[PDB]
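Have a look below at one chain only, the form deposited in one PDB entry, in structure tokens format.
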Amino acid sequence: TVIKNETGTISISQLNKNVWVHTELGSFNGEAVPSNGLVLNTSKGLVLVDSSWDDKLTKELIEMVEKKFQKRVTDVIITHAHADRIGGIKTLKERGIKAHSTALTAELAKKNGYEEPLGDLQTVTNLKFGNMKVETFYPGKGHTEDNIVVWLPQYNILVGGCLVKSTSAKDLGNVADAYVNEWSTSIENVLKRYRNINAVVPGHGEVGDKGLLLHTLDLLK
């Protein structure tokens, strides 16, 4: 089950009853770089994992899901301070959408001249929205200093974010902000904490499984 905006620009694919992936194309010189997050359909509103590349996409994304599920976006979890995750933080703040992050992610956002998310997430934080349970986990440095994962214990679904490379990624990508000697250890910390995983969402590329974590480990060798 897959739904595109008017344009190609934005797509949502259904994973299960109350969980979808959101994907948006960012436009870079000779063109399209897609980015993924999650949409959680809860009894108390829509909760997103991550925003998008910029404000224009972020608005359009909110407006699509609010229309479709007939409820407001109330909360977003920002999983690190690069533009594909936090690009639409301005839109979030101005609409009264709570933007959750670790304090490190918030510090880095401010350092890079983005508006500040909440800095409310700890190394392990458990949230509940309606009946929907969500855990955030800081496994250590990898793709960036601050990168976190998100876990839906009710579905054993892991949002890997940009810590986790898709099967189509044949290299680590941009590592300016990365910690390639700790990234393996951070991935291992994810595998140790979540020992039975039903689906893994990478920050870019196709949805997979535990094999994506092993793919990323191979990529680090």
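Quick note: we count residues from 1 along the sequence shown, nothing fancier. Shifts are known only where both forms have a C-alpha. Here the rigid core means the biggest group of C-alpha atoms that line up within 1.5 Å when the two forms are laid on top of each other.
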Unmodelled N174 in at least one third of other entries with both flanks present: no
Coordinates lacking for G30, a third or more of other entries: yes
Average Cα temperature factor in the PDB entry - higher stretch of 210 to 218, 3 to 11: 3 to 11
Mean Cα B-factor comparison, 42 to 50 or 25 to 33, giving the higher one as deposited: 25 to 33
Given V149, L104, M132, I89, the residue at which the Cα B factor reaches its maximum: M132
Chain third (lowest, middle, highest) by recorded CA B-factor, residue given as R85: middle
Assigned third (lowest, middle, highest) for the C-alpha B factor of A199: highest
Where the record places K111 (Cα B-factor, split into thirds across the chain): highest
B-factor third for the C-alpha atom of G173 within its chain: highest
B-factor third for the C-alpha atom of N156 within its chain: highest
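In what follows, reference is made to the form solved in complex with a small molecule, a form of this protein that is not presented.
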Full three-residue contact with the small molecule in the bound PDB entry, heavy atom 4.5 Å, for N18, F129 and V150: no
Contact test in the bound PDB entry: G45 vs the small molecule, heavy atoms, 4.5 Å: no
The small molecule contact at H100 in the bound PDB entry, heavy atom, 4.5 Å: no
Heavy atom of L191 within 4.5 Å of the small molecule in the bound PDB entry: no
Heavy atom of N174 within 4.5 Å of the small molecule in the bound PDB entry: yes
Stretch in contact in the bound PDB entry with the small molecule, which is absent here, among 192 to 200, 65 to 73, 158 to 166, 37 to 45 (heavy atoms within 4.5 Å): 158 to 166
Moved residue ranges in sequence order between this form and the one not shown, Cα 2 Å or more, at least 3 long, core fit: 28 to 31
